[PDB]
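In what follows, a single structure is set out as structure tokens and then discussed.
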Amino acid sequence: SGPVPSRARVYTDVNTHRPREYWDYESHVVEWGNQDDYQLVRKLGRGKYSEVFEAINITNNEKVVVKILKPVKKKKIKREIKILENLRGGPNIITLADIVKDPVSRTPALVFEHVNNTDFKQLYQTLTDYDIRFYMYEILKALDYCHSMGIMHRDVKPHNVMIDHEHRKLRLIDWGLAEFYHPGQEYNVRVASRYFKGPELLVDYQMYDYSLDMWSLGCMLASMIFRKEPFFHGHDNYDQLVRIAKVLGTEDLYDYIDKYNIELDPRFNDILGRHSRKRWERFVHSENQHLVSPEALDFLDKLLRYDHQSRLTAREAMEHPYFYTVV
Ligand SMILES: COc1nc(Nc2ccc(C(=O)N(C)C)cc2)ncc1-c1cc(C(=O)O)cs1
Ligand SMILES: [Cl-]
């Protein structure tokens, strides 16, 4: 009939044993405060659904980021807000400081803590072996926490990891694609950003879980230790799987789709071809050798797997020999 069902190996029934007020974001009442307290100093950037500004709070003159929202369906706004409130105070989770509206324009905005970020294309080249280990462990704390809280980030990528290198402070940001995990649920596979999408999304396997974030983290790690950003560089979602298949090999791909009885797109038949598994040592060279080790490769190996169930969980990852030098 259809695909074989799947469950998360960790934190499976975490939302199931909690009351609906926790996960039923659609019934959440959002209270919009006054934006007057925040004066905009300068623009930082602009997202697909918002425009981010640096701002200062006139109440206490503390630095802040204001995410002025474009018109979006209130269901998705309620979802992001509820997830941000549920996860507030957690390790390395960006703090939602306030929910506000401009009195006159009525335009809704989310207020966040400010992180004195260093652009990742400048920063990542500077990072030592110990730095990559340190920051990966900070990300794993955020992910294990949010996973334990029954939430998938679903958009892990360098753009969503704010790092203040001077203060060694890391914050996982932009929970706009995040979602509550309910075992059995068939989710929308159009999440994450192309280069960081797990094979489950690309073959359209809907019953995915927290392990989607661990694939994406693996993509980040590969890019950092090998100095190849992005690591998997497809021209579209179809070609993204081809790029993956040219590294992990096509045999394990077809074993994966066979195991889960995944209905593969006809377009894939032509474009995937046949590719052997390329060893991780093939990506090590004179300019990245210093960032690579047996433990780094073994860690990466256990993140970048087709089978989502076979990937390290966040808690398992934090116990890997790679982090023995950090913790
Ligand atoms: C743009 O996004 C952010 N940026 C920052 N800091 C900075 C970003 C960029 C520079 C820089 O390099 N200059 C000088 C432009 C400096 C600081 N701090 C928090 C966020 C958040 C995003 C989100 C979100 O999407 O949810 C919640 S906070
Ligand atoms: Cl969605």
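Throughout, chain A uses Swiss-Prot numbering, with the displayed residues spanning 2-328 in order.
The backbone N, Cα and C atoms fix where each Cβ goes, and this holds for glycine too.
Cross-referencing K68, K74 against the ATP binding annotation in Swiss-Prot, which names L45, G46, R47, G48, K49, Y50, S51, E52, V53, picks out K68. The stretch that Swiss-Prot tags with region 'Interaction with beta subunit', taken from the ranges 36-41, 228-233, 294-299, is 36-41. Considering only the binding-site residues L45, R47, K49, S51, the residue whose Cα is spatially closest to the Cα of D156 (active site, proton acceptor) is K49. In sequence order, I69 are the same-chain residues whose CB sits within 8 A of the CB centroid of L45, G46, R47, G48, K49, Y50, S51, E52, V53, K68, the residues recorded for ATP being left out. In sequence order, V53 make up the list of same-chain residues 6 or more apart from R47 (ATP binding site) whose Cβ falls under 8 Å from its Cβ. Most buried of the binding-site residues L45, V53, judged by other Cβ atoms within 10 Å, is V53.
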